[PDB]
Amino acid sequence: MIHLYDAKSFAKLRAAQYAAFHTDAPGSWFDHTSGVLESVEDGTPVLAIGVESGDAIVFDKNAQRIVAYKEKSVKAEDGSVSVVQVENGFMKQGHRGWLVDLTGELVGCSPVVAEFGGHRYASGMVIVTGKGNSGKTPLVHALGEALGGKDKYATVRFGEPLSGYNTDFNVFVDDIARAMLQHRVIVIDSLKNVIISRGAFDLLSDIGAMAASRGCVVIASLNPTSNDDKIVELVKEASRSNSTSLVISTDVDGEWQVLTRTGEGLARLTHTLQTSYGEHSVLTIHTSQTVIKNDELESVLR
């Protein structure tokens, strides 16, 4: 819905947005939204996500896909009406994203998902990428472990010529839906095959906001291997604007720069990570706030 503001209520929102990342307890937003999801009546649609064609499939609070749901209308606070109808497995009426209000008056946040090694990490989508020798798959799994902390992290596998990997996009979004409904920390290997169908475009534009509204983090690897002007700019756009955070490799092997958006038109934060390998190529991130401007960001985006 839309929101009305004056000087006073806008200052309150900016202060609440600041708190969502800087002062709130790591993972609290996730716990809150779980409660919201739990309070929903049984079989009521909570989430819809786009399939390859651009149609959308719909899920309830138990990550069960809904085949049939009679049309129902909900009048929101602003006066706008939300209609939802599902027929033969697909959304007849409604929109893509959260079909129930997870956020209320609190929007444009970057809720804090976890803290690790003296740094706070944002929910939403984190894109792991860059050129050079530093490996992306070992990094996503190490971050997934670290930010999961006490909790296990979920791995969604997609589009690699290795054993057990799904290559069907429609199963991919079904995995992603379920992961976001049930887990705070999610890893995606890999995002290469989506980078084009309507579903693939829908996902790039939908997932960061879906994740941020849930308070979960989706950590996807994206190898920018191609030299093609069409596809390489789509990697830059997804890295710059479709993602909530960006983890990118550097000149020095093992080293990475993390770029975090802290909220709606707020300062973007940067820090550096050191890493090293153990047995069977398991990566560990070494444990032991500065802002970045847009000219620094565009320089890094190469």
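The first residue of the sequence shown is number 1, and the count goes up from there.
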item: Unmodelled deposited residues between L139 and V140, binned; value: none
item: Deposited but uncoordinated residues in the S288/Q289 interval; value: 10 or more
item: Higher-scoring stretch by recorded Cα B factor average, 164 to 172 or 74 to 82; value: 74 to 82
item: Per the entry, higher mean C-alpha B factor between 86 to 94 and 215 to 223; value: 86 to 94
item: Most elevated Cα B-factor in the entry, residues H32, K236, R261, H271; value: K236
item: Identity of residue with top Cα B-factor, from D229, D202, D101, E145; value: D229
item: Lowest, middle or highest third - CA B-factor, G117; value: middle
item: Chain-wide C-alpha B factor ranking for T244, given as lowest, middle or highest third; value: lowest
item: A16 - Cα temperature factor, lowest/middle/highest third of chain; value: lowest
item: Relative C-alpha B-factor of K150, binned into the chain's lowest, middle or highest third; value: middle
item: Chain thirds of CA B-factor: placement of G132; value: highest
